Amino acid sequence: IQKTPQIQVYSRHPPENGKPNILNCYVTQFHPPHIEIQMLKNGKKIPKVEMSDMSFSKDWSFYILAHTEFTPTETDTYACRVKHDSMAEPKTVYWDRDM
């Protein structure tokens, strides 16, 4: 009985263009635990993405919070790709400073 990841990319502090911050990636409501989470920048990976340890909620649905330091400039787009056996099509959520 498989369940599907639910990604949500967002800054930690109000993203003032130019100032250092932390990007987040929040994959939830999935099953089983086995998942890959890599955060991106214009397409290429970030080499130190810190990840939260495999834990879950009351209803048993799993949870991970990957994070990383980023400085959001004019454009340079950020993102979160996610590999899972719940879907052979890797979901790709891109970052949006308004959301």
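Throughout, we count residues from 1 along the sequence that is shown. Only the largest set of C-alpha atoms that superpose within 1.5 Å between the two forms is called the rigid core.
Subject >> Between 59-67 and 36-44, larger RMS Cα displacement in 6 other deposited structures of this protein after core fit >> reply: The stretch that sits farther from the shown form in 6 other deposited structures of this protein is 59-67.
Subject >> More shifted region, core-based fit in 6 other deposited structures of this protein, 22-30 vs 50-58 by CA >> reply: When 50-58 and 22-30 are compared in 6 other deposited structures of this protein, the bigger C-alpha shift is seen for 50-58.
**OP:** Look up the CA B-factors in the entry and say which stretch, 37-45 or 62-70, has the higher mean.
**Re:** Between 62-70 and 37-45, it is 37-45.
Original post:
When the C-alpha temperature factors are averaged for each of 4-12 and 90-98, which stretch ends up with the higher value in the entry?
Top reply: Averaged over C-alpha atoms, the B-factors run higher in 90-98.
**OP:** Sorting the chain's modelled residues by C-alpha B-factor, tell me whether residue 21 ends up in the lowest, middle or highest third.
**Re:** Middle third of the chain for residue 21's C-alpha B-factor.
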